[PDB]
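So the structure is just underneath, and the comments pick up after that.
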Amino acid sequence: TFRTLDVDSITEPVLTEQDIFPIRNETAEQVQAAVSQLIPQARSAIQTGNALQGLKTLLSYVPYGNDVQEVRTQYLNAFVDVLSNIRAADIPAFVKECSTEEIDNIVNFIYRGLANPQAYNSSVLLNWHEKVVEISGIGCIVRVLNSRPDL
Amino acid sequence: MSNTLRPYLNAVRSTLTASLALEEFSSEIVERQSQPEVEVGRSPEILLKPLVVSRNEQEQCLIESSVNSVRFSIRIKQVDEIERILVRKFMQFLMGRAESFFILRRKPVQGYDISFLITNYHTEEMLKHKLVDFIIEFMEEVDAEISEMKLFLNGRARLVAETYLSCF
Amino acid sequence: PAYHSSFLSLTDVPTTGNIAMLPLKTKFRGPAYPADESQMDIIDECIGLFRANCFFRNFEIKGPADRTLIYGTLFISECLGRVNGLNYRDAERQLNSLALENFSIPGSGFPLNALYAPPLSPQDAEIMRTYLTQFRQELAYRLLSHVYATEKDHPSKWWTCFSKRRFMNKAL
Amino acid sequence: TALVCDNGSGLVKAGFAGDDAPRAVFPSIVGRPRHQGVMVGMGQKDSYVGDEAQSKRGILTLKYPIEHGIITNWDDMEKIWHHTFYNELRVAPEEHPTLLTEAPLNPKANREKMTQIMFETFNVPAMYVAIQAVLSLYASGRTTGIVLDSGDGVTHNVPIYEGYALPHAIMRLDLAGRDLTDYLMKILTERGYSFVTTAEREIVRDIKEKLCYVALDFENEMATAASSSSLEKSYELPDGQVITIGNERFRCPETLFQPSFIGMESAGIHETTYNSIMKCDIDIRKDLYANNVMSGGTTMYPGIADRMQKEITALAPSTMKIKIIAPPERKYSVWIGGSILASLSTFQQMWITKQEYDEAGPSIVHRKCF
Amino acid sequence: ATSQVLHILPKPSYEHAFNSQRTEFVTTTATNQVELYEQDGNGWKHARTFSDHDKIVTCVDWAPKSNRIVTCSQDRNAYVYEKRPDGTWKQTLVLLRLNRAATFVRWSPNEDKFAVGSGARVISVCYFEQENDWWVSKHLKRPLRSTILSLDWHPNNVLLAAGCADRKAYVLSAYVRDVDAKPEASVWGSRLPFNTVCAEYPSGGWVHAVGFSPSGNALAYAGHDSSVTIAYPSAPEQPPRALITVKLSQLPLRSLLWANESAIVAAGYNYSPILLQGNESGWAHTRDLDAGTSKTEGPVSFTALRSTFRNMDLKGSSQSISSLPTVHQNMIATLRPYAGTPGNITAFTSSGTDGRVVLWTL
Amino acid sequence: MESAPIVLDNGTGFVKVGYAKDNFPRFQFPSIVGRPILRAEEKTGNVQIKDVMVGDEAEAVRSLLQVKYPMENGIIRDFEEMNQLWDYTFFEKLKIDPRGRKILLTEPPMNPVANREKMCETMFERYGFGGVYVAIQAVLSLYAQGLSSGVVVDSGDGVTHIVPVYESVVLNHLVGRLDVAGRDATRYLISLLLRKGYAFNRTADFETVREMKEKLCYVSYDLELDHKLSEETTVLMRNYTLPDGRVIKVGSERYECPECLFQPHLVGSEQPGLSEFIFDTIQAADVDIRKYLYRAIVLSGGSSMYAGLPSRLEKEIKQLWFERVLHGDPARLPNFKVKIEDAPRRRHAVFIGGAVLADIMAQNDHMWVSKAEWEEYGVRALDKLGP
Ligand SMILES: Nc1ncnc2c1ncn2[C@@H]1O[C@H](COP(=O)(O)OP(=O)(O)OP(=O)(O)O)[C@@H](O)[C@H]1O
Ligand SMILES: Nc1ncnc2c1ncn2[C@@H]1O[C@H](COP(=O)(O)OP(=O)(O)O)[C@@H](O)[C@H]1O
Ligand SMILES: [Mg+2]
Ligand SMILES: [Mg+2]
């Protein structure tokens with residue numbers, strides 16, 4: 001019977017996410033190289049005990065795209081490993097000196113971490129969430145709700 | 001209860017309260033109608049990105065959000081088979097009353113134990129800070145409610161044992 | 001449904017407001033035209049229908065004959081309120097006193113002032129009162145022949161039970 | 001909404017749940033003519049009720065269908081309930097639930113006939129019978145206290161702690177405002193004035209309601225009145241002749257503190273209140289002493305709260321604060337608290353319903369109204 | 001900044017408009033009705049309803065000089081209301097030709113036309129023809145891709161700004177011949193025919209609010225990402241001099257109003273008017289106009305006795321639920337001039353989902 | 001007022017009345033007649049009830065009346081009550097003397113001939129109209145559009161009927177009745193609310209559920225989506241307060257009630273619903289005119305006013321052409337153009353088009369059936385009024 005045939009999907013094509021969010025102006029191998037330069041700096045900053053500078057350097061660029069899940073998950077592995085190695089007393093002094101765009105990137109990537117607890121320690125991500133929202137306010141979560149879907 | 005749950009329920013509270021910036025919005029696909037857009041998904045520009053808050057692999061929130069509606073869904077602690085039965089049936093009595101708890105769904109979304117739909121109309125006609133207080137007070141107490149139900153089940157298993165075994 | 005007046009089948013009947021001044025068998029003084037003593041009239045009908053009609057809770061009025069049957073039906077409910085515990089003689093004097101005492105006509109505390117018309121002139125009011133006083137005196141006298149049919153010093157319980165059966169939830 | 005009908009011994013107090021005060025308040029009286037009805041017509045009736053009986057009283061024998069909180073005449077009590085619904089509130093009782101009230105330690109049959117007449121005569125959709133002192137505690141904004149309620153026919157003490165009543169500690173005393181009116185007739189006779197008829201009993205009730213008061217120390221007041229004109233003052237009868245009284249103004253109410261004035265062998269209202277607190281468990285007594293709640297018209301005397309506090313302070317140990325709560329609206333606190341209760345949402349599940357009465361008979365009240 | 005609560009409406013109030021003399025106001029309740037309120041000493045009284053719409057009224061606007069009310073609804077219609085000599089209002093249906101709901105409406109500065117935003121991917125620019133006695137509608141449609149959430153008119157009668165759910169703020173020519181005289185040359189353009197596009201500015205979230213500067217030389221707009229962006233154009237086919245975004249710490253602004261050429265008031269889901277100040281060198285959130293941003297025994301009545309037992313029964317305890325510290329108890333939906341010359345707004349009004357109508361003095 | 005021809009849409013649920021060149025009904029009121037009743041209900045001295053009470057006088061006061069409808073399914077069921085509507089319409093709504101006036105009447109396309117005959121007889125022999133014209137209701141709804149081709153579908157209280165028109169020729173062999181309309185949807189809402197334990201069996205309560213339906217019902221665009229919002233969610237739930245003051249809760253019944261237009265089997269009919277009735281009608285037209293009928297599917301009448309009905313109808317015709325013409329091949333579906341015409345005024349398009357047609361023939365005195373022609377030919381005078 002006719003009632004179940006989807007005509008709308010072919011007679012009125014809906015907006016795509018790239019009609020809402022601008023296309024990435026970098027190729028997949030170009031962003032994969034840019035992150036592969038940063039992950040070794042982020043790992044090295046843990047060994048010198050400077051994990052705060054490990055985050056400040058890792059956070060200087062972020063990968064996005066549905067074509068880059070492998071390097072997005074490698075960047076998230078490094079991000080959660082860096083956040084797990086910062087001492088909990090350093091967080092308030094570091095968060096107040098981040099820009100609004102660095103804060104937006106921190107609260108975005110703690111959200112990607114909280115989505116996968118079998119890989120990532122939620123206990124440190126929730127501690128970071130409490131302190132980032134306490135110091136920078138509710139609007140940083142509002143910017144994550146509104147953020148791009150391929151971050 | 002909130003010493004172990006405090007970091008988690010603070011992240012849930014903060015992001016549920018950010019997510020409830022709701023508005024009246026009529027459908028772009030149907031004329032003279034409005035629908036909770038998170039529940040239909042037919043126009044993606046007015047959907048906000050779905051956020052997961054999590055304590056544990058077993059204890060999770062999904063917050064789905066839109067111009068006129070939030071869907072909030074939770075996985076709750078079920079560490080043994082008694083708790084799997086007790087939780088499932090408690091959520092079925094609680095969702096069976098959903099007309100009187102106006103922000104409940106009648107069914108959970110798949111892979112979640114209970115679910116809530118807060119619409120534009122609920123933020124207009126109810127105190128929305130008391131809606132997020134009800135969500136977090138439900139999440140704070142449900143583990144103590146379910147553990148007390150397995151104490152009542154233990155206490156009855158003793159009642160029938162002592163009644164039976166004392167009439168030889 | 002409920003039972004309507006057979007006298008709704010009459011035509012060119014005298015009228016006041018929108019009561020029908022129907023032919024009446026009676027010995028009381030007043031304006032009502034003498035009925036045949038051999039045939040049922042509106043009071044033999046009104047008492048004969050009352051104890052069925054007082055159970056219905058819906059009634060559509062066909063004309064001025066039914067407006068007259070309704071006023072009678074409401075007055076039988078008043079009589080069965082007045083009559084209780086009396087001897088037949090005390091009941092005749094009490095229910096004549098009830099029939100004679102000053103009552104509201106339609107167009108004045110009347111309970112059905114939406115369904116009944118006011119009197120059509122200052123003189124129509126006097127013919128409406130002088131008809132309704134004669135009618136309700138006869139209606140009282142006739143009812144007592146039924147409620148004191150088998151015994152004479154106590155009203156029949158088979159009639160006193162309708163004393164709270166308030167027709168359509170209306171009373172005078 | 002629901003009706004609240006505090007059908008007390010001396011006044012019927014009636015109205016709607018959620019109203020600030022009762023909108024029907026009238027004598028709990030049926031009057032019947034005692035003289036030759038000679039003029040034909042004249043708007044005469046077989047009997048009169050409430051304010052109509054009270055205004056015609058010079059030609060009527062007046063009687064209350066309720067005495068000591070018990071219905072003695074059900075035919076006249078139906079006449080009063082009919083007057084509440086159809087004349088005084090102007091409602092169909094078949095459209096409204098009714099909250100009724102009674103004093104504790106009443107006959108079981110009083111509750112049964114009261115539920116039967118409400119469902120079978122007045123055709124009510126639902127009803128409940130509340131204890132009057134439990135209602136008076138809602139009107140206090142309290143969930144613990146001891147309520148001393150005294151009406152026209154009965155005085156009672158009910159202690160409640162955190163919403164639990166202690167039913168073993170409940171006291172009843174069949175002495176209240178009608179016994180004080182009868183005693184005021186007995187002692188007015190000593191100064192020169194005889195009041196004898198059921199109509200003259202309403203004149204001396206009106207004297208009691210505005211001349212009488214409670215002395216803080218009875219023997220000092222009695223000596224002050226025996227030695228000065230200063231306690232004496234006057235009242236004008238319907239006949240325009242004047243009554244002067246002195247120690248009768250505080251001797252009448254003192255019968256609540258000294259029941260032996262009317263020949264009773266009982267503790268006064270102060271010591272009956274203390275005996276009720278002392279029947280309660282030892283940990284609750286402190287909060288009962290701090291929450292003595294006064295109610296009913298027989299608590300409306302000037303000085304009675306100051307006297308009640310003085311008398312209970314002598315009985316209790318000095319180590320704690322006795323507090324007497326006597327609101328200016330305590331004339332109506334049972335009705336006020338009934339209008340609170342009848343407007344609560346859990347109470348909407350506590351009603352006896354028509355269907356449930358029809359299935360069970362009038363015994364349903366004993367297994368639902370406590 | 002002083003605030004005064006003028007009235008509490010019984011139902012939500014997404015829009016209100018005062019007349020020119022501030023002596024009556026019109027408001028959309030959340031129903032198909034519109035409420036007209038008159039002064040009553042220092043209070044207000046419900047003078048009349050309008051109820052010509054079938055579904056929920058979304059927006060309403062009152063023309064200052066010509067004294068006409070225009071109303072829009074989810075029924076896809078508009079009605080214009082005009083005052084009769086006897087003091088009643090004449091309704092007039094406008095055929096908007098919209099496929100979906102009307103969402104937002106504004107009268108033009110000369111009041112000779114109005115524009116209606118829609119969920120239909122279009123804006124109905126409506127004008128009157130004396131030759132036909134009709135209101136007739138022109139569709140702006142070229143760049144618009146989603147629901148139009150808000151409109152504003154440039155101080156010159158031609159240019160229309162639009163905030164859209166596609167995360168963009170548009171500046172479009174709504175020039176209509178035999179209504180408009182030719183527009184003067186401007187920073188937005190000079191060759192300016194109907195549906196020419198002067199800007200397509202991006203946002204981080206849905207553009208709830210748009211507003212031209214009092215001189216028309218800049219556009220402010222507010223996004224659902226809790227930002228206000230201020231755009232300074234250069235010329236046609238050329239990028240802006242500055243495109244300054246200030247990101248707020250609070251919930252999003254839904255409404256927006258220039259106080260002067262160097263200051264903006266904005267309000268929304270934060271429940272509070274904020275002040276932003278700046279110029280083409282930079283902008284900053286500078287004040288909150290509501291002091292409530294700082295989070296700041298006797299006889300007892302029957303309604304307190306009864307409500308404390310109803311609270312014990314229905315809720316956890318006797319204790320009443322506290323007010324929010326802001327004057328508005330729910331999101332503040334619209335933000336409109338009340339006093340001062342254009343370019344120097346001295347006071348403004350707000351209405352909210354809590355039904356409060358509130359006056360603010362700067 | 002004016003000497004113009006009177007136009008009367010004597011519809012099954014509502015009378016609408018006025019004159020040639022009126023842009024809207026001069027009056028509109030329920031086509032109801034009331035008799036006095038008492039019903040264990042409220043009474044007051046603040047009103048008076050006459051032995052016949054009709055239209056707005058009945059509808060404002062209906063708690064006090066036995067309400068009856070002189071019409072059902074587009075035909076007069078009782079001419080004695082229809083005489084009381086027409087007396088009210090002319091003598092105390094319009095406040096006119098009909099003597100020698102010309103009147104335009106309306107009816108649906110497949111009525112019994114006795115309906116038009118006894119209706120024209122009444123105009124000539126009760127009222128003494130000097131001439132009559134009787135128009136097919138759906139061709140008037142095309143005059144309101146200012147339009148000469150398209151398929152016009154009119155759904156009122158009594159009947160849903162369809163009339164294809166091409167280049168001003170009316171395709172009389174293709175016209176049809178779907179015997180489901182606003183009264184069947186209202187009777188179905190009573191049946192659906194009875195499953196929820198509510199009752200509406202009094203003659204006065206039919207107007208209460210009509211107002212409830214007219215306020216709260218909508219057409220589901222996607223049935224499995226509205227069933228999901230219905231069974232998984234409480235968002236469809238709504239409260240309605242009756243004129244009693246009683247409150248009722250309504251949920252799935254809001255989309256489930258008007259679904260009987262699109263699925264007539266829900267009310268026991270075997271006919272195809274709106275979309276399939278319109279498609280089977282257009283698809284029976286000749287190859288050269290099918291495109292012009294699909295490009296102008298004109299909705300009319302109050303039962304076309306449910307929220308989402310145009311959206312559902314357009315979709316469901318695209319979806320039915322995709323099943324029955326393309327056999328499920330997507331490649332040609334974008335090339336199929338359909339346009340539902342869904343004007344704001346369309347509840348009154350029959351009146352508004354009657355007010356146009358009555359002006360077009362006002363000066364052409366030969367176009368009307370005359371009283372002098374009726375009294376010499378009888379019912380054969382009506383043979384002027386088309387095939
Ligand atoms: N907004 C609406 N939503 C749903 N139903 C509506 C709406 N508006 C009107 N109706 C319904 O339409 C019907 C009245 O329409 P209309 O006036 O066109 O019928 P009619 O002309 O009297 O009937 P008919 O043409 O069959 O003789 C009623 O059932 C009414 O409830
Ligand atoms: N001001 C007063 N002073 C003294 N006695 C009063 C006063 N007001 C009322 N009373 C008495 O209280 C009694 C009525 O009180 P009430 O609480 O209504 O009793 P009840 O409920 O039992 O009918 C009567 O004896 C009356 O005279
Ligand atoms: Mg008492
Ligand atoms: Mg019709």
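By order in the structure tokens, chains are A, B, ...; within a chain, residues start at 1; ligands start at 1, following the order shown.
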Within 8 Å of chain E, which residues of chain B are there when counting only C-alpha atoms? Please give them as an mmCIF file with N, CA and C atoms, in the first residue's frame.
```
data_model
loop_
_atom_site.group_PDB
_atom_site.id
_atom_site.type_symbol
_atom_site.label_atom_id
_atom_site.label_comp_id
_atom_site.auth_asym_id
_atom_site.auth_seq_id
_atom_site.Cartn_x
_atom_site.Cartn_y
_atom_site.Cartn_z
ATOM 1 N N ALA B 18 21.881 24.117 30.444
ATOM 2 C CA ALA B 18 22.287 24.739 29.175
ATOM 3 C C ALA B 18 21.395 24.320 27.992
ATOM 4 N N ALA B 21 17.315 25.871 26.851
ATOM 5 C CA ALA B 21 16.979 27.096 26.130
ATOM 6 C C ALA B 21 15.998 26.804 24.963
ATOM 7 N N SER B 26 7.085 25.986 15.011
ATOM 8 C CA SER B 26 6.200 25.186 14.155
ATOM 9 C C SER B 26 6.964 24.470 13.052
ATOM 10 N N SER B 27 6.396 23.373 12.566
ATOM 11 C CA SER B 27 7.051 22.488 11.617
ATOM 12 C C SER B 27 7.319 23.171 10.279
ATOM 13 N N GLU B 28 8.477 22.884 9.697
ATOM 14 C CA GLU B 28 8.831 23.295 8.340
ATOM 15 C C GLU B 28 8.385 22.282 7.279
ATOM 16 N N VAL B 30 5.334 20.189 7.824
ATOM 17 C CA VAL B 30 3.868 20.094 7.934
ATOM 18 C C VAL B 30 3.282 21.467 8.241
ATOM 19 N N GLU B 31 2.196 21.878 7.592
ATOM 20 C CA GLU B 31 1.598 23.193 7.839
ATOM 21 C C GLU B 31 0.593 23.214 9.011
ATOM 22 N N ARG B 32 0.462 24.365 9.692
ATOM 23 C CA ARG B 32 -0.379 24.599 10.886
ATOM 24 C C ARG B 32 -0.128 23.651 12.075
ATOM 25 N N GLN B 33 0.985 22.918 12.091
ATOM 26 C CA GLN B 33 1.384 21.998 13.160
ATOM 27 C C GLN B 33 2.739 22.354 13.776
ATOM 28 N N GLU B 45 18.836 21.264 10.836
ATOM 29 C CA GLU B 45 19.438 22.543 11.197
ATOM 30 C C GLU B 45 19.015 23.053 12.578
ATOM 31 N N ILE B 46 17.850 22.622 13.069
ATOM 32 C CA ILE B 46 17.319 22.945 14.399
ATOM 33 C C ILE B 46 17.521 21.836 15.435
ATOM 34 N N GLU B 124 7.526 26.778 29.408
ATOM 35 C CA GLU B 124 6.578 27.887 29.547
ATOM 36 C C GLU B 124 5.645 27.727 30.756
#
```
Shell of 9 Å around residue 302 (chain D), only C-alpha atoms, local chain residues under 3 positions omitted, as an NGL selection string: :D and (212-215 or 299 or 305-306)
Exercise answer, chain F residues close to chain B, 6 Å and only C-alpha atoms, as a list in words: residues 232, 233, 307, 308 and 311 of chain F
Contacts of residue 309 (chain F) at 12 Å (only C-alpha atoms; same-chain gap of 5+ positions) as an NGL selection string: (:B and (30-33)) or (:F and (155 or 217-222 or 255 or 258-259 or 261-262 or 274-275 or 299-300 or 302-304 or 314-316 or 340-342))
Residues near region 175-187 of chain D, cut-off 10 Å, only C-alpha atoms, skip fewer than 5 positions along chain, as an NGL selection string: :D and (9-10 or 67-68 or 149-156 or 192-196 or 200-209 or 212 or 247-249 or 251-256 or 259 or 261-262 or 264 or 266 or 268-269 or 296-299)
Store the residues picked out above in a file with C-alpha atoms, as a PDB file, in the first residue's frame.
```pdb
ATOM      1  CA  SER D   9     -24.207  21.686  69.695  1.00  0.00           C
ATOM      2  CA  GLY D  10     -25.106  25.436  69.827  1.00  0.00           C
ATOM      3  CA  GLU D  67     -26.871  17.950  73.351  1.00  0.00           C
ATOM      4  CA  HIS D  68     -23.364  17.097  74.720  1.00  0.00           C
ATOM      5  CA  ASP D 149     -11.786  22.674  72.169  1.00  0.00           C
ATOM      6  CA  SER D 150     -14.932  23.828  74.060  1.00  0.00           C
ATOM      7  CA  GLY D 151     -18.222  24.455  72.253  1.00  0.00           C
ATOM      8  CA  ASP D 152     -21.795  24.705  73.536  1.00  0.00           C
ATOM      9  CA  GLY D 153     -22.256  21.095  74.771  1.00  0.00           C
ATOM     10  CA  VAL D 154     -18.774  19.492  75.106  1.00  0.00           C
ATOM     11  CA  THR D 155     -15.178  20.275  76.055  1.00  0.00           C
ATOM     12  CA  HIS D 156     -12.407  17.942  74.818  1.00  0.00           C
ATOM     13  CA  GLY D 192     -33.334  39.402  91.594  1.00  0.00           C
ATOM     14  CA  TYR D 193     -33.824  38.215  87.984  1.00  0.00           C
ATOM     15  CA  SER D 194     -35.618  34.998  86.889  1.00  0.00           C
ATOM     16  CA  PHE D 195     -34.976  33.539  83.413  1.00  0.00           C
ATOM     17  CA  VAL D 196     -36.979  30.313  82.964  1.00  0.00           C
ATOM     18  CA  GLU D 200     -35.175  33.545  78.170  1.00  0.00           C
ATOM     19  CA  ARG D 201     -32.255  31.031  78.001  1.00  0.00           C
ATOM     20  CA  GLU D 202     -31.181  32.839  74.784  1.00  0.00           C
ATOM     21  CA  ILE D 203     -31.229  36.260  76.576  1.00  0.00           C
ATOM     22  CA  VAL D 204     -28.922  34.959  79.350  1.00  0.00           C
ATOM     23  CA  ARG D 205     -26.705  33.297  76.673  1.00  0.00           C
ATOM     24  CA  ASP D 206     -26.381  36.804  75.115  1.00  0.00           C
ATOM     25  CA  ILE D 207     -25.587  38.260  78.622  1.00  0.00           C
ATOM     26  CA  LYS D 208     -22.883  35.563  79.051  1.00  0.00           C
ATOM     27  CA  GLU D 209     -21.394  36.331  75.596  1.00  0.00           C
ATOM     28  CA  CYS D 212     -18.799  37.423  81.395  1.00  0.00           C
ATOM     29  CA  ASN D 247     -19.399  38.769  90.592  1.00  0.00           C
ATOM     30  CA  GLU D 248     -21.798  36.782  88.302  1.00  0.00           C
ATOM     31  CA  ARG D 249     -19.548  38.002  85.385  1.00  0.00           C
ATOM     32  CA  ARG D 251     -18.440  33.188  88.722  1.00  0.00           C
ATOM     33  CA  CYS D 252     -20.123  31.808  85.572  1.00  0.00           C
ATOM     34  CA  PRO D 253     -16.856  31.073  83.583  1.00  0.00           C
ATOM     35  CA  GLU D 254     -15.057  29.883  86.779  1.00  0.00           C
ATOM     36  CA  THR D 255     -17.226  26.706  86.479  1.00  0.00           C
ATOM     37  CA  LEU D 256     -14.784  25.623  83.706  1.00  0.00           C
ATOM     38  CA  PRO D 259     -16.914  22.150  87.849  1.00  0.00           C
ATOM     39  CA  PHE D 261     -20.132  24.905  91.049  1.00  0.00           C
ATOM     40  CA  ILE D 262     -22.596  22.873  88.864  1.00  0.00           C
ATOM     41  CA  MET D 264     -19.773  17.870  88.737  1.00  0.00           C
ATOM     42  CA  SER D 266     -14.277  16.412  87.494  1.00  0.00           C
ATOM     43  CA  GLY D 268     -11.321  21.768  85.491  1.00  0.00           C
ATOM     44  CA  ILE D 269     -10.295  22.475  81.854  1.00  0.00           C
ATOM     45  CA  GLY D 296     -14.619  26.958  70.201  1.00  0.00           C
ATOM     46  CA  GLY D 297     -16.840  29.742  71.532  1.00  0.00           C
ATOM     47  CA  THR D 298     -16.435  28.740  75.232  1.00  0.00           C
ATOM     48  CA  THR D 299     -12.727  29.753  74.899  1.00  0.00           C
TER      49      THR D 299
END
```
